[PDB]
2 protein chains.
Amino acid sequence: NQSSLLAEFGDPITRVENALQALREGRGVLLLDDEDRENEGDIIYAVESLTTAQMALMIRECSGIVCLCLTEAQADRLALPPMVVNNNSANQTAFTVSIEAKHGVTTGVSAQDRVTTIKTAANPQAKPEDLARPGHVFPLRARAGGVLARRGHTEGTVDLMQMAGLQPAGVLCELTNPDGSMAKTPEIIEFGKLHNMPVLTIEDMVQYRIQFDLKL
Amino acid sequence: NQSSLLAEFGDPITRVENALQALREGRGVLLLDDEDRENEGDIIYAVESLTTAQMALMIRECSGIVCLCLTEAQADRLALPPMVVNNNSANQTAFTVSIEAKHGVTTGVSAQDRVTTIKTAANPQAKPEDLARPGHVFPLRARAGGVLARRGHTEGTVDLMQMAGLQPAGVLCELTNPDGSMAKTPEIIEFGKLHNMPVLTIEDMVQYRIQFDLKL
Ligand SMILES: O=C(CO)[C@H](O)[C@H](O)COP(=O)(O)O
Ligand SMILES: O=C(CO)[C@H](O)[C@H](O)COP(=O)(O)O
């Protein structure tokens, strides 16, 4: 089972604390949502410490559709409305229009270029004109309340940054097996051991936020 | 130089003919745009013969942002308007809203799921309701006239299918080096030898279409 498989990463509180410390150290984490939801594990990195090598790993090992999780306030500052008015995706994934840094990039898709765009968008002083649309980074609007309002990786990403005392922006991408199928828990666990990345779940975060009374 | 490097794939007419034959055989090709444009090589596959293994290779080896090149007529049939009204991307890349098959998929990102979405969208009998929006496949509207009107990989993709007598839909994705930088011509050539994929350029296609008087 999953509870049993994740036991070696510690108990739920420990899994959360280890993930937060990894982010504070500039390392990535692996976040699983509910088994009855997507049942997928995303690599998560903080934007603050994001490097080209970390983006290259996401591209190499994940779906390649690398998303930028923002607060509603930051997406509003950037003038990024939802990509679609009537979202009928299964989870109502909150894609805004896609973005490219207006300056400092070329075609936008290289690992370096994606980082430039992400840092440009996540800048607390950013303005809409700093970003061209469309582009090759995919922002996502986290719901107010985080994982206590919506049990998505989007909310998990922003909550992890806030809980770790980091600027409230992170990137995510779904871990993919070489044959193109999506990684499930055993493969996620093995990837996290290989890359020294903590694994935790949305359920871990929810019970952690409830018990420590963690508004954000 | 590039002319010299591609000489081993044949002369320009031969490079085009070999690419067309590969597509007819269900194989992929590598298309380079102008050195002074993106200077990137895209893997191209025909939708008609697209397999999970081909999609997995694109995800593994390319940017992961896999695009579906459609005619204007097919995008209109699907009710896919441009993603952004005032496109200010550098090349005015003609992204529509992103799409997911409404049925037959789960999270949409697995290689199989992307193929299901692509085949669903490319179906000559498709209807808008067959696709959820947003999603994890990125359609692109090819300009009328193809590479004789716009020298993009988008037009190259649809033109190649039409020139090969295939249904006029193809997928593309930018070849990426493991370190996250974008592949340039020497790496593209080496990838095409490794994977038995012909390499050709947009310039090859333009002069080919002009000289053989090829409306499409
Ligand atoms: O679609 C996705 C990104 O492209 C993934 O599902 C991502 O994990 C965000 O979605 P959510 O917040 O719904 O879990
Ligand atoms: O952005 C892209 C896809 O995401 C690439 O540039 C793609 O090759 C299509 O663009 P174009 O037709 O302008 O060459």
Side-chain angles (χ1 to χ4, degrees), chain A residues 33 37-40 51-66 82-100 102 105-115 129 131-138 173-174 176-182, chain B residues 33 37-40 51-66 82-100 102 105-115 129 131-138 173-174 176-182:
Chain A
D33 72 331
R37 198 171 172 274
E38 299 193 296
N39 195 28
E40 281 174 358
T51 66
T52 299
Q54 288 174 337
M55 178 63 61
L57 181 159
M58 273 195 285
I59 296 167
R60 283 197 310 275
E61 303 285 0
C62 297
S63 78
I65 297 157
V66 175
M83 182 192 291
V84 189
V85 51
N86 311 119
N87 192 319
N88 68 350
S89 71
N91 302 137
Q92 310 217 90
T93 326
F95 288 99
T96 71
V97 53
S98 58
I99 59 168
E100 220 84 271
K102 183 165 288 163
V105 299
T106 56
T107 63
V109 282
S110 73
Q112 179 184 292
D113 275 9
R114 297 196 216 191
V115 172
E129 55 168 17
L131 301 170
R133 313 93 193 279
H136 292 85
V137 165
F138 304 93
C173 200
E174 309 96 325
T176 305
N177 304 312
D179 73 353
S181 62
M182 302 314 288
Chain B
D33 72 331
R37 198 171 172 274
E38 299 193 296
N39 195 28
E40 281 174 358
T51 66
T52 299
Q54 288 174 337
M55 178 63 61
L57 181 159
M58 273 195 285
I59 296 167
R60 283 197 310 275
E61 303 285 0
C62 297
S63 78
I65 297 157
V66 175
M83 182 192 291
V84 189
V85 51
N86 311 119
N87 192 319
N88 68 350
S89 71
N91 302 137
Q92 310 217 90
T93 326
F95 288 99
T96 71
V97 53
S98 58
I99 59 168
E100 220 84 271
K102 183 165 288 163
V105 299
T106 56
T107 63
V109 282
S110 73
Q112 179 184 292
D113 275 9
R114 297 196 216 191
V115 172
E129 55 168 17
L131 301 170
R133 313 93 193 279
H136 292 85
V137 165
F138 304 93
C173 200
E174 309 96 325
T176 305
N177 304 312
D179 73 353
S181 62
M182 302 314 288

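Here is how names work: the chains are called A, B, and so on, in the same order as the sequence lines, proteins then strands, and each is numbered from 1.
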> Would you say B:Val109 and A:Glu40 make side-chain contact, with heavy atoms under 4.5 Å?
Replying inline: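 B:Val109 reaches A:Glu40 side chain to side chain.
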> Heavy-atom distance under 4.5 Å between the side chains of B:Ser89 and A:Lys102, does that happen here?
Replying inline: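 Side chain of B:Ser89 against side chain of A:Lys102, heavy atoms only: no contact under 4.5 Å found.
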Please classify the contact between [X] and chain B as side chain, backbone, both or neither, with a heavy-atom cut-off of under 4.5 Å.
X: A:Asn86; result: backbone
X: A:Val84; result: side chain
X: A:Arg37; result: neither
X: A:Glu100; result: neither
X: A:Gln92; result: neither

> Hey, which of B:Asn87, B:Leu57, B:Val97, B:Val105 has the most heavy atom pairs under 4.5 Å with chain A?
Replying inline: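 Option with the top pair count is B:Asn87.
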>> Looking at chain A, which one of B:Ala111, B:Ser63, B:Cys173, B:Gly108 has the largest number of heavy-atom pairs inside 4.5 Å, strictly under?
In response: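 Among the listed options, the one with the most contacts to chain A is B:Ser63.
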Could you tell me the separation between the [atom1] atom of [X] and the [atom2] atom of [Y], rounded to the nearest 0.5 Å?
X: A:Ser181; Y: B:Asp113; atom1: OG; atom2: CG; value: 11.0 Å
X: A:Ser110; Y: B:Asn177; atom1: OG; atom2: CG; value: 10.5 Å
X: B:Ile65; Y: A:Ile59; atom1: CD1; atom2: CD1; value: 7.5 Å

> Is the gap between the ring centers of A:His136 and B:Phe138 under 6.0 Å?
Replying inline: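 Ring-ring flag for A:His136/B:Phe138: false, centres at least 6.0 Å apart.
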Residue pair [X] / [Y]: nearest heavy atoms and the distance that separates them:
X: A:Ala56; Y: B:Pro178; value: CB-O, 4.0 Å
X: B:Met83; Y: A:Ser98; value: SD-OG, 3.3 Å
X: B:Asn88; Y: A:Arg133; value: OD1-N, 2.8 Å
X: A:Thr93; Y: B:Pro134; value: O-CG, 3.9 Å

>> So for B:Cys62, is it side chain, backbone, both, or neither that comes closer than 4.5 Å to the heavy atoms of chain A?
In response: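 Looking at B:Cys62, just its backbone touches chain A.
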> Between B:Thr107 and A:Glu174, does a side chain to side chain contact (heavy atoms under 4.5 Å, CB included) hold up when you go through it step by step?
Replying inline: CA-CA 10 Å; B:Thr107 63; A:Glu174 309 96 325; over 6 Å; no
>> Looking at A:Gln54, I'd like to know if its CD atom is crowded, meaning that more than 12 non-hydrogen atoms belonging to other residues, nucleotides or ligands lie closer than 6.0 Å.
In response: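 Count over threshold, so yes.
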>> Is it the case that over 12 heavy atoms from other parts of the model lie below 6.0 angstrom from the CD atom of A:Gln112?
In response: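 Not buried by this count: 12 neighbours or fewer within 6.0 Å.
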